[PDB]
Every structure is written in structure tokens, then in C-alpha cells.
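Next up: just one chain, as C-alpha cells, the form deposited in one PDB entry.
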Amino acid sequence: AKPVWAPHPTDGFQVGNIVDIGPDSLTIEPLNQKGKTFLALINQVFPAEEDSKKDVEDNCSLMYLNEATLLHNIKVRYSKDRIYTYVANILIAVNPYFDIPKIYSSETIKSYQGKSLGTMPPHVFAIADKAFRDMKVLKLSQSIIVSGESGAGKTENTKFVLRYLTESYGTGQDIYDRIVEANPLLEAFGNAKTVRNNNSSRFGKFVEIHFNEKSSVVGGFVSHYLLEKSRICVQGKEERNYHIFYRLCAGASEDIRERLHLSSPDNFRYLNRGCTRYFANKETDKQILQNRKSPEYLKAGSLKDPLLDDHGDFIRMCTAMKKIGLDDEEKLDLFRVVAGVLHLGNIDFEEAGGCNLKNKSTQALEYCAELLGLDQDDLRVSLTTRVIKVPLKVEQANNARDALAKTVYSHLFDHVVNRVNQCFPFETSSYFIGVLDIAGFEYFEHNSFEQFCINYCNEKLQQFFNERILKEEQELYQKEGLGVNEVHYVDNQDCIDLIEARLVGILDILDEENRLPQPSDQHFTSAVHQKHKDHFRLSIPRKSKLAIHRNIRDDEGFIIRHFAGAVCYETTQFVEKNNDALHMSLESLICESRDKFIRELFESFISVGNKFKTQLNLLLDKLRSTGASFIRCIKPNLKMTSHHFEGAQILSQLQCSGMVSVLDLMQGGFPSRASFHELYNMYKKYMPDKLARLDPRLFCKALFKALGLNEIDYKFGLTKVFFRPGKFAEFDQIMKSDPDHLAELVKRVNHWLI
């Protein structure tokens, strides 16, 4: 028979032949497993490409456009170490989990410069170049949105884009060294090992590269969002604090180790609940001194990763600081605060006749106060009392200590981002190309406010993609009278409203709890379920598909049905985590440090959730004002391994990211377009009298023919002319404004009229 695609539980789809049809279902015979059959629904079976070994660079070029052929085409490419594949002018990128030779080389960079989409193989570099060309030609700033769940490859692709644009369109080694070599610094302070990603970003960023009128790089600017705070003090056993702690412990000279009073990570509360092992290989393990290694490292050996290496990354980070222009004083200032936070965490309290510092904590107190430029008694007092003085219980002292740790580290991070921005400043610019790299969709056995905020942000980003690519695109077709078949899809605005709505949204209900005389997580949680009974996007934990979640009580958690999947959150500590305010007692202490660096870090209730919403909406305003390009990163498996394509997991991402819906729309859609009037007028200037007499519509048809299009490749709308997928190269030639180019084509067409 003719082979079709039919469901498979782990592969997503499998190859088979239809061997019966009935009023209720079909009967499929899996290829090669003849005699065996299974039933499938008619609506679940798809036509397959005749050649199962070939692949296409643009999925729109498939004979059959559907989720099954999309999946297979990406799979074949992935098997040949081609991680990049288009859907029209959108890029899908599947994490290879290893370094594929040469594909990011300076030679490869040069080969993408000025090349139209489709004239070179799919690549993150082509997306970057197209953003650059639109900026230069349309005179419009550009955003490149890199989406995907945790570990899918957003950060690595963001970095490829930045390297490409700076190496291609920035003059000198300097501006490259500055924008690119700034990255090891941000990652040291803002990235950490989670169970999904050894190099997980725990903050979001929008990095703008700014250009002058001549489209040459003049500088950069990084905006950062919502560093994860809880991580600073505690991690789960398979996770780590921010990389900087481990890089410093493994890599610092003896002189620096002594001065900062560092030791192996098992020695610090703020590291020792987490994995205390270093990333290292056989060689680099030899370069780490024995006195830096925890008992767990000594027993279990190092963590393995093809990229991360704590000792090697320390050295690389130090080299980075030098290259961008941090002096040694600035470096040591950074390290001193990092150490101060570590010693801060080692301070213990015991019930007094209030509470006191345990006798064993005297040293930690001395080291902390020293490193942060504080008087020991002031510090002791601020941790054990509050304001008329009031003595604190041990639990309260623990919280005060940790709150100070979190605020100090967070201000340190703010300084790092600012200092990076000061490495590539600019007074003015004409346009920018910005790249968005957020912390991606994630969930674990236990999900808290951190995951809730991250997933909320991912929800908002996916809504932007929907708004731009699925909603506005179709409204454009409609407005222009193209008669493109409407593609319906599940929108996630209702999910956003559940979280965001004034007064009754989850964030506002949380704020309300914070402002109550006796704030309670259980009270907040009940109010949410109460106000949103029968909301499609909200469930009580016992309804979870996973046994681990069902034991959670109704007022102890909730399930949000995110666009990317249901996530069950434990709501314990939501109220605490929602308050960004720091006690003035603690603030003044740090503000009045004897140390200038410490003071400069710092220049009842503040809603973390609503501060975040506000910052994200400002970001979204900026995105809306730009031309937007999209790279959809895909995580191939849950094991961080190479050449292990989990078809069902990948299909699920293709569906929820909207790529299946976009592929559908591209069956009759038109990804390129331009104003007819403007297009005609551009050529009109050069037209001999006979050609200028020619009907403008007829001229355009002749132009398109001359530049290689068939009538099915384009379509005139009311005011714009539209072009099909796969025709970007011809579109670009048609739109080319170079006076020499214009003249030649005008000559050619006017010749037909003799």
C-alpha cells in the first residue's frame, strides 16, 4: 500500500499501511512487522512523504504539511547533525547536546553575511542576518525571540546570534571582545545547575546591539529580569547555587582562598544542601587542589558536562573580565562580596533567656563583617533584633540572615549587569537588534513560586508569538482580501488572565494576602480556588496525573494548565516569596558599610509578582515596537544526551509552541510582502516613456516573472503584494533598492515592449 503515519506512544508516529477502514476506525499494519495490526482514528493518521530518507530545509516544501511529516523531517535532519530547520522564516532548533564541528566557525559566519533566507542552509546565523537586513532596509529596530523549555538551547543560540552580529557588523576586536566576552561574567553570577540544565539561566535577559546610521555596531545594552533569589541560600541535592561560588572555590589561588577564608563547598550552609561537586574532567580535576574538594566529590567523582568545568570556567571568567576591561581591584571586590555572603550563611542562632549567635558562629560573623565592611556588633544586632528594639526567635534570625544574603547577592548581580553595560556604552544609536533569552518553561517533583513566575513569563512569551504569527498574520490576510483559509488554534490568553487579571488574578489575590493582618498561604490558596472554581486553567492538586502531587491538600497547592503542560505548584511560601521588601534595619546596615564598593551596591511590602508583571509588560511594549523573528528551541530528551531523539517529547513541543499551527497556516500563507505603490514607485523613476505608459500591475507581473516567480508564487492584495514560502530570495531581489539594480530590470522589461 501507500505508507502513512499513525500514532506511536514513544515515537509520536510510526510508519504503517492502512489495511482496513470501518465506520468507526482504521486498521494499521506497522511497516516490517507484517501480520500485526493496530487500530487508529481517521483523524489521527497522516500521509507520509514518499521518500523517507530525504529531508527538506524548509518544512513548507514538504509534499504533505502536517505534524507527522514535520516531526519526521526534523528527525532525519537531526540524525545527520542538522539541528536547524525552517518553517518559512521561523527557525526550529533541536539541541544536539554535543559540539558539532565548524558550524559556528568564523568561516561559516562569513558565508551567511548578506545571504537571503533559503540561499544558505537553515541556521541561527541566517535569522540574525535577516534581522540585520530588515533593520538596515526597513529602518526599524528588530527583536529575535529565542523560545523553548529549560535546557532546549535558548542561551547557546542567543550567544551564536550575538557572536554572529558583532563579528559580522562590528569593526575591531574590541567591540567583539566586549559584547561576547561579557557572557562568562553574567553566567557566573546568574546561571546554576538544575536537574534540567547544568547551565540553567536563573534570570531573563534582553540584549540589544545598537547600530549607527551606517549600520555598524556602536555598543550594547543588557536588560535583566527576576534573578532567582531562593537559590542564593538553599538548593535541592541534585542542584547547585550560582556557578560563581564553585568557580571561586575550585579556581581561586591559595592567596585568594586564604584572604576570603574559603574552603570546600561542604563547609557552607549556602552550598551544602545542594550538590557540592565540581564539573571537571580527568585533566581539570588534577588542577583543583585537594583542599577544595568536598567528601561527596572525593567519593563520587566530578560532575560531567561537555561545556561546564568549574576550574576552567574560573580561568575563562577571569580572562573575560580582563578582556572587557575590569581591573584586578574590581575582580577582587566581586569575590569579596561572594565570600561575604557565604560566611553570612554560616552564622547560627540559639534560643536565649530572644536569641543569640551560637558560640561556634563567632568566626563566620567575623569573616562576614570583615568582607562586607561591617562592624561585627551591628551585624549581630541586625540579625537578632528588629524595630524600640524587639528580640527575634531563632527562626526569625535565620530569615533575617537569609534575607540579607539574598539582597546583597541580588544587588551584586545588578552591579555586574550594570558593569557589563559600562563596557560597551554608546551615546546614541539609530536602531538596535535585541535578543530575548528568558529562563524557560520548567517543572520538577516540587514546584514553587520560582517555577510559577518562570512559567508565567513563558506563557506571556508564547502569547506574543500567537499574537504576532497566528492572530495578526491572519488579520492581515483578511484585511487585504487574500482569502487564506483560517487556522484555528488554542490560545492561552485565558491562562494569562487567570494569573494577571486585576483584583481576581492570582498575583493580585497573593498581594491581598500579603496585606492581610495575618497572611496565610492556605488562605491565599483557598481564595484562588474559590474565585476560580470551574476555570479551565486551574485545578486542585489531587486531580494531578502524577501520584506524587495527589497527596497535596486543596489549600496547599494548585495546578495551572499552562500552554506547555499542567504544572502542580505547592503554595507553601508563596506569600513570603511574594514580598521583595527588605527591613530598613538590614538596609541601613549595608548602606553604611565602611567599604565604598559595598555602599555603591545599594545606591513593608513590595509585590514580586506585580513588579515582574510590570517589567514584562514594558518588555512586551518594546517587542511590539520592533520587527520580530523567532527561533523555537527544542529539547530532544530528558537525559542531556546526544543522538537520542524522543519523538513523543519533541512532537509535544512542536504542538504547544504553535509550530504545527504555523505549518498549517503556511499551506496557503504568504510570509513576505510589500506595498505595491511603494514597490512600483521605486522602479518608476527609471522607466522609459513607453514603460511608464504600461499599466503598473502589468509591470509588476513582468518584473516578478523576470526575477523568477510563477503566478502561483505571489498574490496582489488590496494594498500589498504577498509572496509564498520558499521565495525569499526572489522577494529580496524584487525589493532591492540599489539604483544600478533598479535600472537593469527596468531596461530588461522595457525591452520586451519594443
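Heads up: residue numbers just count along the shown sequence, starting at 1. Take the two forms, find the largest set of C-alpha atoms that superpose within 1.5 Å, and that set is the rigid core.
Omitted here: the form deposited in another entry. The next part is about that form.
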property	result
Option from 134, 285, 402, 497 moving between this form and the one not shown, CA shift at or above 2 Å, rigid core reference	497
Threshold 2 Å Cα movement between this form and the one not shown for residue 241, core superposed	no
CA of residue 611, rigid core aligned, shift of 2 Å or more between this form and the one not shown	yes
Exceeds or equals 2 Å, Cα of residue 85 between this form and the one not shown, core fit	no
